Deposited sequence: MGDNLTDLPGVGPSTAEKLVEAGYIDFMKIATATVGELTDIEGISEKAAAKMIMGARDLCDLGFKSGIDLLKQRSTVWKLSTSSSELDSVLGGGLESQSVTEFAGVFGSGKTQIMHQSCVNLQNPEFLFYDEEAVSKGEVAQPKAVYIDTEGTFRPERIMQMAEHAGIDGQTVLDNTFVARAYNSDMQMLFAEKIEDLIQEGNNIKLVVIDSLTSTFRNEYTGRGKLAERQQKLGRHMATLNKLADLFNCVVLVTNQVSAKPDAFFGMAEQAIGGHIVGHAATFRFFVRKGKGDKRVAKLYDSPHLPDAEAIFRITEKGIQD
């Protein structure tokens, strides 16, 4: 941090204690966040912010450079061929992908399957020129379970049928049981801590994304607070995905809020499942057929 203009050793101490360790967090911070540090004037606060942006080259970019920012995005396979296709490759890092679906459509399964697939290096697709091996080395997942449906047995089973060691998935997946929107939100904000603690968090799951909010703001009279709170939560999730280049997945029970990718899943005949991609920034709407068996998502 002393590389940053207007940052002495004393200021560095305060900054690291206030949670500002890397340059990006400072570069993307507001003078408010920093001034509230105490002992930090807005003069020095704005100076280090300007500095951090430069050290990270956060200015205008054109020509080929526009292609290079987009190449930092890696994708996670869903184990379903048709799904990965409709996804333009697989689940994207630096974005929030939502799987909305009717009761029992498989929302949770997809979340579990994803934590498992994260441990199979062959399932992470990326441009080895823009994303080094080290950046996706020892990947870990964070699972914020709002429903109480996280099943370690299901992780083991999905893993075994894939050849991956189940226990290895469990060792590299953090699970946080949230009982309300406050915990759900706080757990999300605390993911930054797991990273500064050395954990290469590359997958974040929120199952469910909307359960707590609906249950707490039922009275449609204070639906304003709800949208604001959830929106603040989505902002946190997106920033988290961008800065730490990881894939964020969320589920939503449906029979408005932000989400960069939106799927609606429904049950087909028996094993069959139909996921409809109905919103994304660069892809056409489309359907994907697959199934859920003892092996997880397949076909």
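When the deposited sequence is numbered from 1, the segments without any C-alpha atom are 1-4, 260-278.
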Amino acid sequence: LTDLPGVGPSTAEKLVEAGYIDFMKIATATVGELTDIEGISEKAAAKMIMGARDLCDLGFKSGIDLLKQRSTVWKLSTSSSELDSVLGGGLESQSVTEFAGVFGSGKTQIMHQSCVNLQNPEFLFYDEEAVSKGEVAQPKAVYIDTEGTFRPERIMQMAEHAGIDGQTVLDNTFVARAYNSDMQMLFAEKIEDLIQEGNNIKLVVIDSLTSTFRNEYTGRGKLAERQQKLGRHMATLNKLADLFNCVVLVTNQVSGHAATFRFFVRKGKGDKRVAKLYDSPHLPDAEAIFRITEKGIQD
From here on, numbers count along this sequence of modelled residues.
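Throughout, rigid core stands for the largest set of C-alpha atoms superposing within 1.5 Å between the two forms.
Per-stretch RMS Cα distance to the displayed form in 7 other deposited structures of this protein, following rigid core alignment, is highest for 67-75 when 103-111 and 67-75 are compared.
For the pair 285-293 and 15-23, the record assigns the higher mean C-alpha temperature factor to 15-23. In this entry, 220-228 shows the higher mean Cα temperature factor of the pair 220-228 and 112-120. Between the residues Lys267, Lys239, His257, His233, the entry's highest C-alpha temperature factor is the one at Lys267. Set against one another, the Cα B-factors of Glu129, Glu92, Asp182, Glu98 in the record reach their highest point at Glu129.
Sort the chain's modelled residues by C-alpha temperature factor and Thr212 lands in the lowest third, per the entry. Looking at the C-alpha B-factors along this chain, the one for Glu192 belongs to the highest third. Compared with the other modelled residues of the chain, the Cα B-factor recorded for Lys133 ranks in the highest third. Remark: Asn252 belongs to the lowest third of its chain, ranked by C-alpha B-factor as recorded. Annotation for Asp171: C-alpha temperature factor in the middle third relative to the rest of the modelled chain, per the entry.
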